[PDB]
Amino acid sequence: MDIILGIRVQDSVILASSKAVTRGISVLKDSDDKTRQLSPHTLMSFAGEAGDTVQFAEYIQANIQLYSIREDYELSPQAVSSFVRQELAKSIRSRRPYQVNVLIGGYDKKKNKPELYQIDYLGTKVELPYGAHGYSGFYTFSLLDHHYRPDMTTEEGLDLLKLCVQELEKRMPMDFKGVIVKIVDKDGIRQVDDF
Amino acid sequence: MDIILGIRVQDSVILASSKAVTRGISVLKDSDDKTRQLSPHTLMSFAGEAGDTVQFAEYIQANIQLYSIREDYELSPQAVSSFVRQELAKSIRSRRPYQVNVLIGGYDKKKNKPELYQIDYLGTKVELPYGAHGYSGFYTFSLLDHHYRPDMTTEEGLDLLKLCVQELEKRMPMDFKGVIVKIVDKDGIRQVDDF
Amino acid sequence: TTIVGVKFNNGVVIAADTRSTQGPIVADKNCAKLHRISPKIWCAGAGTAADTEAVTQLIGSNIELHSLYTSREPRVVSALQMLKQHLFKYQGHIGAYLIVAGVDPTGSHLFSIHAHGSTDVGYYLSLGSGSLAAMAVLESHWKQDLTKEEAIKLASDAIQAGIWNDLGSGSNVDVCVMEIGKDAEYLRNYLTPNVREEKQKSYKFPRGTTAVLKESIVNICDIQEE
Amino acid sequence: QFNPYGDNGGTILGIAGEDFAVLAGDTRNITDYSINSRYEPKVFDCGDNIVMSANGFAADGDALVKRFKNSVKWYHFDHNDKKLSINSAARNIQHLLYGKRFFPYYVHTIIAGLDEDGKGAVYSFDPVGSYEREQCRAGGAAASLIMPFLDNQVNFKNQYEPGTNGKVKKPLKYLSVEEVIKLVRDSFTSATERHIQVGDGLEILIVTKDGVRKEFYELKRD
Amino acid sequence: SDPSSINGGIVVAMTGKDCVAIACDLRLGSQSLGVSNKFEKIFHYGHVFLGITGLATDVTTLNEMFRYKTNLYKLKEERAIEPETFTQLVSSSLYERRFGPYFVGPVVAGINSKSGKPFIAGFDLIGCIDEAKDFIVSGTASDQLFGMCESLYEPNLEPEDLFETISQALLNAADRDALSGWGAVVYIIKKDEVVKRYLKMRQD
Amino acid sequence: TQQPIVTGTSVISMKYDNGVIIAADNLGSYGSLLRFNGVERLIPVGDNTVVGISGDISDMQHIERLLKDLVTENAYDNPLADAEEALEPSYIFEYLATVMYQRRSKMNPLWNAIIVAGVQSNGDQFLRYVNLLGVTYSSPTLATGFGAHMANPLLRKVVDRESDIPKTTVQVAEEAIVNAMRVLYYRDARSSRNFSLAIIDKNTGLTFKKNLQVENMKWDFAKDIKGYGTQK
Amino acid sequence: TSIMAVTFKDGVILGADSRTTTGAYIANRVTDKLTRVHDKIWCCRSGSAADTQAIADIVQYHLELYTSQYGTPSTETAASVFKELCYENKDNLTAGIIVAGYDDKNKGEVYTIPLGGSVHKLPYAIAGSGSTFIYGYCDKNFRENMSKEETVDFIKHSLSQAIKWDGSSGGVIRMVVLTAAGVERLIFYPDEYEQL
Amino acid sequence: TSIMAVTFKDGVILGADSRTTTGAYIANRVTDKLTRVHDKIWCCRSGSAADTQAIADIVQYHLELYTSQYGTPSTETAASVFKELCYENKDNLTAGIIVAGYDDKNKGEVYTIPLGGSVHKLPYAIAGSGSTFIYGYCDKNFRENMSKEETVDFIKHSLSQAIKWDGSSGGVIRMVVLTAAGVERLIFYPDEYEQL
Amino acid sequence: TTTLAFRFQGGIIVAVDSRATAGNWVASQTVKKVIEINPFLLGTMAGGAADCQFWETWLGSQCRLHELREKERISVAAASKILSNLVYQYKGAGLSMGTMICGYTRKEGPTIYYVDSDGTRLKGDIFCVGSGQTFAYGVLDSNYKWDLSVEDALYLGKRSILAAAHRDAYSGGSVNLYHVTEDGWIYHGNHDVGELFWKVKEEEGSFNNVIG
């Protein structure tokens, strides 16, 4: 919607997506997921201009899922990230720009390191242990930098993100109405409840 | 942006106003006041353009209180709301466009009943027992009147205002960061803490 | 830019300032706008620098293809003609301006061709930002039929008044003198009327006046087995 | 449609010494791509060891300078012929700007001169009010060009002693009047080559305690 | 905002004495949001280096596209790409989308194998061969670098003296540009070994 | 906010050792239509100045009246005025500089390009520009409008800088302004064959030469141009 | 840029002003606007320069084939080929072309093509931005079937008026005489015609 | 609309076409554009019709005022009065005005005012936007100090030509002849002017 | 511009930067951005720079005038409201404003009012104004306490300006803090961002995507 967050820890990657979907002057639903698995150790979160976001997500899911079964091997996050970057760049030189910007976290099982790629709608891939987009991207960069340590467990990474959500809540005027918070780890992808 | 609500019971006017002030894309302070009293039994809640709210509310505060002192007896709500409509009516044809909508909820001492008026930014006063302005009135004109009966007590109407707060929080995409409630009766104007 | 072409009795001279400006900043202190279309045809560019350079390549290729095929010398008229169809094709959205001149067996020719694809022939032409500063010189100082020596003087003089009156024309003056039935003389930096001045202090400091944070070697060549 | 602005280029530059100050600027005037003037000084001495240049669009500039000078005459007539301080001149010039705030003057004025303490000073304006005391500010069209060089060699920014690995930054060396003249000249020589609105000549006013000195140096002519 | 200049970055190349230097800022921005403190603008294909300023999307997109083109080269011709030859490849490739162009400002750098010569060249958003051998600068702080480099630059320098001039030329430009000021890497390029040096520079 | 309705184009001028030349075509062009013939741009003011005015003929007329009242103003309250507080080019220029600006500030621009050329009574050559952006500058050589772009470089050969003034004489300067005219006649649409040329000298006084014709005529090279580019 | 084409008993003489204007700057002093498209059919160009230029060469290609394949072309025939290109490119090109040519069986014919495209047989045509000042002069002083000398004088006067009253007219006065005798160039210098 | 005034040896004749057109529709076909503004001075009106209808009366009021206090004006004097009104209110009003008057010491005089307002003395004037087709005609067949009889024919032919070559110029050609015999009006129907 | 101000028990910290930016060009890296209204009131510059410079000095002339006229110190409330009227008169005329008038008086305590050009006068305890106001709140809230030491309060404003300055493009230059007591402000000097940023890295363990 407006809020998308990513913070990458020592052995996992954590993504947050807005629950709410504002359409007009009515927020038509207050629990709705804006994440889809691409693969069993890759989760792509997405946000942006409505109508473009829903379909886009399902197309990247389609092609990547097809690559993995074809090759009988699950594609690394690095490869996955570069694919979404190839669709974006094409779209801005095409008839209808897709205004979908993604955070793609995945646990690279080869390297056995967690890896977070922010990708903006223009199509600029940059690896960052942080990352957000929108105008909710502007409050949380500052807080994350101050308190981050180079490595930590996922539990402390859950509290640190919960600090970010508390800081955003006050100073942003829009109603995202909590967030769906998912952990992307090496033993799968799970959802962990958050206040 | 910004809410003002009104409902009138059988001995009181309950006026409420949003706590938030959002200037820019940042909430400028989370908890604020946003009502000023014209007379010791007449209350003006206001919402509208930036800082035109303040200047106009202070303008009207001086001038109604001026007459009160000279006669030695406060104006009625019929007179006070009317004054304010006159002012708006000049202001929309003047080089200086005020864009301030207000609710005047007072206690008529000479009649012995509350009176709740809706006065528009354009300059139109009509007495109404459930009014509002902005996009407050877009959700709560329906909700009030459903659960409203001609007769009420002060305990009911406060709780019905709490019901209306809840609706607003779900389906309006703006945060208010709570609401303030001052109750205007015959015994003066008092702050009563509510969420 | 500032561009002239002066037809003279025994061939044609085409001259152009060396300055290249992209905006209010000077892109290059020295650049060469007398580009080689064919070995006896040369041209200078004005307008969008990018378009002009691409066009001389694109049309460069076509005229070289036709020359081999017919097994004879390239006519300057063939190059004019090709150029016009091409610039017209896009309706002049393409902002190339060229002054094309050369020598062939049907004689010496000097053409102007505009963006839209209009064409003019004169014995003295200009285009560019300084078309005006050179044009006033060409008209006055010119006389009908000129000597080779005199032709050279006038061409550079016109561009010289160009440098001093037109901000976007500066630096050295290049001259390409094409005599009929005889190889082109590309005479690079004929005239210098703006040098470079010396610096009163010396600039450069001992190493370790710029701090380093990391230092590392990267490969650029093959790897061995050892 | 009329438009009440233009551009007329030129570049000006103030460098504040340690006891003296300089205000320098090319003497070239342009409109689009013709040269209006080889030599019109933009840098005027206005008296009392205060030098003003109002560089930008010339019309606002000629009017502003003439207006500043008339102000200085009226300081002497009302206030009994006393010295106008460089600090007090700066605030005054702000008042002129605000005086037709609502019809903005497109000029970046730099003034320079000595305090009552004899310390250098360069005071530089934003075109419709605001000012700051600076050590170096270049106004005008090739300001972009000239500024980075000054930060490197007058305040020694991003430099360090050799071989200490950026442990100890270069100390601020005493800036001489002779030293400074060399420096302005190479700043304008580079500006001339790489920006199409500078060249012809340069006029450097040297403000010292002993009055205002002129030195002129010619520059390459594009 | 015109879209050639939204996402920041600067590249600066100079020649020295049979060495070339090329150096870049590592700042990626979006209006005023700094995103990452690493994002090399210099990329290299074989022994030729290419810096690219401009809109961030095309920087990445051509990085890869140019990698693609130069890898097909190497394999077909059984020879590495050369800096003189690679210049023309750029120019033609940008002009294929003359209409609707990629918004980039490349700087070629490289030392020719069979000439021994330092070589530099510039381009623009449509693309032109800009051809001075003193130094070529491009990017957001284009105006600023242009001035600075003239002032510093002395033609022909010792490799570690070359290290001094360009890195200083950069550091100053970065700080006084809005969309620069985070990180830098300098490539001092010899014919034997190429040193990458991340600078200790001031943050914004 | 006025727009030019009818306009003069080009006044050229230059400095020489004992005085100045100001010259201009005589035309009131109503856009593409060459409407008015015999319109005279050059107005003598005092007797030591000619002010030439190009731009809107509508604004010109108004400036002419203000200029006439400046002469009349000098006579008033002075026992004499032909060398006591005699009218200098510089005084006139300053009076004009102020009013063009004042009007610019009220957003009704006097739409003109003006050159004031004269000699002072102090022996000093005066030649200066004012226009409708209220921009002023002093320069040894001047030209306005089309003529700035076109004819002014040519004069800049004759005098580049202010130390070649004593090596330029009155016959030579005169020669250069007329070759400058020839060129404006050829290569400018709002330039007529008709022209006036005034020499103010500090020694010879005012010479105002009217109705000169462009000569040194080249058109005999035109029969050798056949076609547009390709045509036999 | 006044161009014209006038019938007379033995032919047609096309007349032109060689000024070529890009705003107040004269782009080139001397450019004939009379561009041959065939041996005995020639054409005149006014309006936008580039557009007429483009079109002209396209006409020469059609008439190169007409000669080659189907024998002699006509003026009528030729003017129709203008009308086709202009009418289909009425939204992209603006060309004011007077086509005239001399037949041995129809004598001189003049067909004007206005900017949208039509064909209009007329004794006389003036077109351009310089013709819009000489309309009055031409009708009153014209009479059909003059003798060549008298014909020259009328054309000469009209184009000389057009330079006096239109600032986008100028350069040498070109005429191309299309007669049975051949094609004759005529040229006239300003010293001669300003007076006349 | 087309208008002129043409000095001769005994006077000046003012002439006008009397179509008024509001868009391509004719408002009134007879309106006399030659207006009296003093006894021996008349003015011709063109351009935006409302604006000149307005200005003319203001000039009328100044010049009756001039007469009572300061003795009778002249043609020079009257032209000045238009020129102020036009100049000052130029940004508001569009007005082209030919000012002809008759004195016993300057004889006929004709002053022209273009739309921005500038005063120019000419031996004949032409103004309008229907006068832009008589230029080549008018320069040749004007001759200074011409006979009275020739004045009738000149203006008749010149405006007649204006009527064929402009669809907004038309109807009765009306003429006001100013001499030291007073003022005589004359009128010429389409049956007379067009054939001749 | 990143200005932010915050009351605590110790006083008011007014923290501002010194980088004014024109566009791609950086206009100044040394500029004062606390306009010193009189010894007791400190204002800040953001929005329109020129507007803020002139009028805030003007508020200052009015402060002295008021002091003379009443023989008592101006109120914080009185100072703001006058500036609020002044800008409301000229609204929509190329006037823009981004000030906090900050004051600590022995009759009303510490008080901050944000004034804007559009006639907003809003009472607060934390404000942030600028283009970097977005960044400022973040660090500032999470490390804020009303019970906070003076030395820590200054430390707090030092970390906030640097966190904003890093991530903002238009902010940097130098860090200027001021602490207003009952007997008025004490200037705490100019600290170059460059140098200061590295020290804060080692001690706090922050800025981990900055390798140095």
# chains A, B, ... in the order shown; residues from 1 in each chain; ligands from 1

$ calpha_fit_rmsd --fixed "chain H" --moving "chain G"
0.5 Å

$ residues_around --residues "stretch 3-16 of chain H" --least-positions-apart "2" --cutoff "6 Å" --atoms "only C-alpha atoms" --output "PyMOL selection string"
chain H and resi 107-108+123-128+145-146+173-179

$ calpha_fit_rmsd --fixed "chain B" --moving "chain A"
0.7 Å

$ residues_around --residues "residue G:135" --least-positions-apart "4" --cutoff "8 Å" --atoms "only C-alpha atoms" --output "number ranges by chain"
G: 126, 131, 139; H: 133-134, 136, 165

$ write_last_selection --atoms "N, CA, C and O atoms" --output "PDB file, in the first residue's frame"
ATOM      1  N   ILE G 126      -0.274  33.160 -59.127  1.00  0.00           N
ATOM      2  CA  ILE G 126       0.640  33.708 -58.121  1.00  0.00           C
ATOM      3  C   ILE G 126       0.366  32.900 -56.910  1.00  0.00           C
ATOM      4  O   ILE G 126      -0.774  32.543 -56.626  1.00  0.00           O
ATOM      5  N   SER G 131       2.804  36.739 -52.856  1.00  0.00           N
ATOM      6  CA  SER G 131       1.850  36.904 -53.847  1.00  0.00           C
ATOM      7  C   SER G 131       0.653  37.580 -53.321  1.00  0.00           C
ATOM      8  O   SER G 131      -0.163  38.109 -54.068  1.00  0.00           O
ATOM      9  N   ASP G 139      -4.268  41.542 -61.967  1.00  0.00           N
ATOM     10  CA  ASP G 139      -5.504  41.407 -62.747  1.00  0.00           C
ATOM     11  C   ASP G 139      -5.647  42.574 -63.621  1.00  0.00           C
ATOM     12  O   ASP G 139      -5.939  42.335 -64.832  1.00  0.00           O
TER      13      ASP G 139
ATOM     14  N   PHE H 133      -3.774  43.904 -50.665  1.00  0.00           N
ATOM     15  CA  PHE H 133      -3.814  43.265 -51.985  1.00  0.00           C
ATOM     16  C   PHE H 133      -3.809  44.339 -53.073  1.00  0.00           C
ATOM     17  O   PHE H 133      -3.637  43.996 -54.234  1.00  0.00           O
ATOM     18  N   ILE H 134      -3.838  45.620 -52.615  1.00  0.00           N
ATOM     19  CA  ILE H 134      -3.678  46.693 -53.538  1.00  0.00           C
ATOM     20  C   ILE H 134      -2.308  47.273 -53.543  1.00  0.00           C
ATOM     21  O   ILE H 134      -2.079  48.288 -54.157  1.00  0.00           O
ATOM     22  N   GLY H 136       0.911  46.528 -54.838  1.00  0.00           N
ATOM     23  CA  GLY H 136       1.648  46.551 -56.146  1.00  0.00           C
ATOM     24  C   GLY H 136       0.975  47.411 -57.105  1.00  0.00           C
ATOM     25  O   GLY H 136       1.596  47.945 -58.036  1.00  0.00           O
ATOM     26  N   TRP H 165     -10.358  40.972 -54.604  1.00  0.00           N
ATOM     27  CA  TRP H 165      -9.310  40.163 -54.057  1.00  0.00           C
ATOM     28  C   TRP H 165      -9.337  40.293 -52.616  1.00  0.00           C
ATOM     29  O   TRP H 165      -8.325  40.351 -51.945  1.00  0.00           O
TER      30      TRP H 165
END

$ residues_around --residues "residue C:192" --least-positions-apart "2" --cutoff "10 Å" --atoms "only C-alpha atoms" --output "tab-separated table (two decimals) with N, CA and C atoms, in the first residue's frame"
chain	number	residue	atom	x	y	z
C	160	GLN	N	37.13	32.48	-37.45
C	160	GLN	CA	37.93	33.24	-36.50
C	160	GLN	C	37.14	34.35	-35.85
C	170	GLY	N	35.05	28.30	-30.46
C	170	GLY	CA	36.26	28.48	-29.79
C	170	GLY	C	37.37	27.75	-30.45
C	171	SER	N	38.48	27.52	-29.64
C	171	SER	CA	39.63	26.69	-29.83
C	171	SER	C	40.11	26.82	-31.22
C	172	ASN	N	40.69	25.66	-31.73
C	172	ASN	CA	41.50	25.57	-32.99
C	172	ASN	C	40.56	25.58	-34.14
C	173	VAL	N	41.08	25.81	-35.38
C	173	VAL	CA	40.27	25.88	-36.57
C	173	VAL	C	40.87	24.79	-37.44
C	174	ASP	N	40.02	23.94	-38.00
C	174	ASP	CA	40.36	22.83	-38.91
C	174	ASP	C	39.77	23.23	-40.20
C	189	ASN	N	44.24	21.37	-37.35
C	189	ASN	CA	44.73	22.51	-36.54
C	189	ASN	C	45.62	23.43	-37.37
C	190	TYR	N	45.03	24.07	-38.40
C	190	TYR	CA	45.59	25.13	-39.26
C	190	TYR	C	45.97	26.28	-38.45
C	194	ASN	N	43.71	30.53	-29.66
C	194	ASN	CA	43.52	30.33	-28.28
C	194	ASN	C	44.38	29.14	-27.91
C	195	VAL	N	45.42	29.47	-27.08
C	195	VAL	CA	46.31	28.41	-26.56
C	195	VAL	C	45.70	27.88	-25.21

$ select_by_dssp --residues "stretch 5-152 of chain H" --states "strand (DSSP E)" --output "number ranges by chain"
H: 5-7, 12-17, 20-22, 25-28, 34-38, 41-46, 96-102, 108-113, 120-122, 124-128

$ write_last_selection --atoms "C-alpha atoms" --output "compact mmCIF listing (two decimals), in the first residue's frame"
# COMPACT_ATOMS: atom_id res chain seq x y z
CA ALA H 5 -6.84 58.61 -48.63
CA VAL H 6 -4.89 60.04 -51.59
CA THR H 7 -3.52 63.49 -51.75
CA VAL H 12 -7.30 64.80 -50.65
CA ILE H 13 -10.01 62.23 -51.35
CA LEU H 14 -10.84 59.79 -48.66
CA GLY H 15 -12.22 56.43 -49.78
CA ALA H 16 -13.93 53.40 -48.27
CA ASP H 17 -15.54 50.08 -48.82
CA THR H 20 -18.62 45.29 -42.00
CA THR H 21 -18.22 41.54 -41.34
CA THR H 22 -18.72 39.75 -38.11
CA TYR H 25 -21.59 36.73 -41.99
CA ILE H 26 -22.20 40.43 -43.10
CA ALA H 27 -23.59 42.62 -40.26
CA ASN H 28 -24.51 45.55 -42.43
CA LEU H 34 -15.60 57.83 -43.37
CA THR H 35 -16.59 59.89 -40.39
CA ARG H 36 -16.60 63.45 -39.74
CA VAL H 37 -14.48 64.56 -36.77
CA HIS H 38 -14.17 68.29 -37.74
CA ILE H 41 -11.16 66.96 -41.32
CA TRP H 42 -12.44 63.39 -41.75
CA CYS H 43 -11.02 60.13 -40.67
CA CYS H 44 -11.23 56.65 -42.14
CA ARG H 45 -11.91 53.75 -39.85
CA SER H 46 -10.70 50.06 -40.08
CA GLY H 96 -6.06 51.47 -37.65
CA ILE H 97 -6.91 54.99 -38.65
CA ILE H 98 -6.25 57.09 -41.75
CA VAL H 99 -6.46 60.81 -40.85
CA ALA H 100 -6.94 63.17 -43.80
CA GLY H 101 -7.62 66.73 -43.50
CA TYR H 102 -7.69 69.83 -45.68
CA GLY H 108 -4.45 67.89 -48.46
CA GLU H 109 -2.60 65.79 -45.86
CA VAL H 110 -2.94 62.17 -44.93
CA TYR H 111 -1.42 60.70 -41.81
CA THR H 112 -1.65 57.00 -40.98
CA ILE H 113 -1.98 55.35 -37.60
CA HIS H 120 3.54 58.85 -40.19
CA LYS H 121 3.12 61.52 -42.94
CA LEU H 122 2.76 60.06 -46.37
CA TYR H 124 -1.06 58.68 -49.79
CA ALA H 125 -2.05 56.02 -47.18
CA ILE H 126 -3.74 52.63 -47.32
CA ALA H 127 -4.88 50.89 -44.20
CA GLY H 128 -7.30 47.97 -43.54

$ atom_distance --atom1 "atom CA of residue A:121" --atom2 "atom CA of residue A:99"
5.5 Å

$ residues_around --residues "stretch 150-160 of chain B" --least-positions-apart "3" --cutoff "12 Å" --atoms "only C-alpha atoms" --output "MDAnalysis selection string"
chainID B and resid 5:16 114 129:130 140 143:147 163:167 180:185 192:195

$ interface_residues --of "chain G" --to "chain C" --cutoff "8 Å" --atoms "only C-alpha atoms" --output "list in words"
residues 28, 30, 31, 49, 50, 51, 53 and 54 of chain G

$ write_last_selection --atoms "C-alpha atoms" --output "PDB file, in the first residue's frame"
ATOM      1  CA  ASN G  28      20.429  31.691 -48.742  1.00  0.00           C
ATOM      2  CA  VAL G  30      20.197  33.097 -54.268  1.00  0.00           C
ATOM      3  CA  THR G  31      18.280  29.809 -54.674  1.00  0.00           C
ATOM      4  CA  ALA G  49      10.790  24.527 -48.326  1.00  0.00           C
ATOM      5  CA  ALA G  50      11.523  21.038 -47.220  1.00  0.00           C
ATOM      6  CA  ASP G  51       8.073  19.737 -47.973  1.00  0.00           C
ATOM      7  CA  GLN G  53      11.584  19.737 -52.118  1.00  0.00           C
ATOM      8  CA  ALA G  54      10.520  16.219 -51.065  1.00  0.00           C
TER       9      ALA G  54
END

$ residues_around --residues "residue C:76" --least-positions-apart "5" --cutoff "7 Å" --atoms "only C-alpha atoms" --output "list in words"
residues 41, 102, 103, 104 and 109 of chain C

$ residues_around --residues "stretch 11-28 of chain F" --least-positions-apart "4" --cutoff "7 Å" --atoms "only C-alpha atoms" --output "MDAnalysis selection string"
chainID F and resid 6:7 34:41 52 54 57 117:119 125 140:144 147 165:166 168:170 173 191:192 194:202

$ atom_distance --atom1 "atom CA of residue E:61" --atom2 "atom CA of residue A:94"
14.8 Å

$ select_by_dssp --residues "chain I" --states "alpha helix (DSSP H)" --output "PyMOL selection string"
chain I and resi 49-70+76-89+133-142+150-167+193-204

$ interface_residues --of "chain F" --to "chain H" --cutoff "7 Å" --atoms "only C-alpha atoms" --output "JSON, numbers by chain"
{"F": [1, 2, 5, 57, 58, 61]}

$ write_last_selection --atoms "C-alpha atoms" --output "short mmCIF file (atom, residue, chain, number, x, y, z; two decimals), in the first residue's frame"
data_model
loop_
_atom_site.label_atom_id
_atom_site.label_comp_id
_atom_site.auth_asym_id
_atom_site.auth_seq_id
_atom_site.Cartn_x
_atom_site.Cartn_y
_atom_site.Cartn_z
CA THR F 1 1.82 44.05 -21.79
CA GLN F 2 2.70 45.51 -25.13
CA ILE F 5 3.36 45.99 -33.71
CA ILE F 57 7.86 52.42 -33.83
CA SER F 58 5.04 52.93 -31.47
CA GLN F 61 7.56 58.07 -31.12
#

$ interface_residues --of "chain C" --to "chain I" --cutoff "12 Å" --atoms "only C-alpha atoms" --output "PyMOL selection string"
chain C and resi 211-214

$ write_last_selection --atoms "N, CA, C and O atoms" --output "short mmCIF file (atom, residue, chain, number, x, y, z; two decimals), in the first residue's frame"
data_model
loop_
_atom_site.label_atom_id
_atom_site.label_comp_id
_atom_site.auth_asym_id
_atom_site.auth_seq_id
_atom_site.Cartn_x
_atom_site.Cartn_y
_atom_site.Cartn_z
N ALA C 211 43.32 9.37 1.47
CA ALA C 211 43.33 8.24 2.36
C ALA C 211 42.65 7.14 1.57
O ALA C 211 41.81 7.31 0.68
N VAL C 212 43.06 5.93 1.94
CA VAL C 212 42.66 4.72 1.26
C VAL C 212 42.06 4.02 2.39
O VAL C 212 42.39 4.24 3.59
N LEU C 213 41.09 3.15 2.05
CA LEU C 213 40.32 2.29 2.94
C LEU C 213 40.55 0.85 2.63
O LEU C 213 40.37 0.07 3.55
N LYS C 214 40.91 0.46 1.42
CA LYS C 214 41.08 -0.89 1.05
C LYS C 214 42.00 -0.68 -0.19
O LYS C 214 41.97 0.40 -0.81
#

$ closest_atom_pairs --of "stretch 128-198 of chain F" --to "stretch 40-57 of chain D" --cutoff "10 Å" --atoms "only C-alpha atoms" --output "CSV"
residue,atom,partner,partner_atom,distance
F:133,CA,D:57,CA,9.4
F:135,CA,D:57,CA,8.0
F:136,CA,D:40,CA,9.7
F:137,CA,D:40,CA,6.5
F:138,CA,D:40,CA,6.3
F:139,CA,D:40,CA,7.3

$ atom_distance --atom1 "atom CA of residue E:165" --atom2 "atom CA of residue C:220"
24.0 Å

$ interface_residues --of "chain C" --to "chain D" --cutoff "9 Å" --atoms "only C-alpha atoms" --output "ChimeraX atom specification"
/C:21,24-29,129-130,133,163-171,193-201,205-213
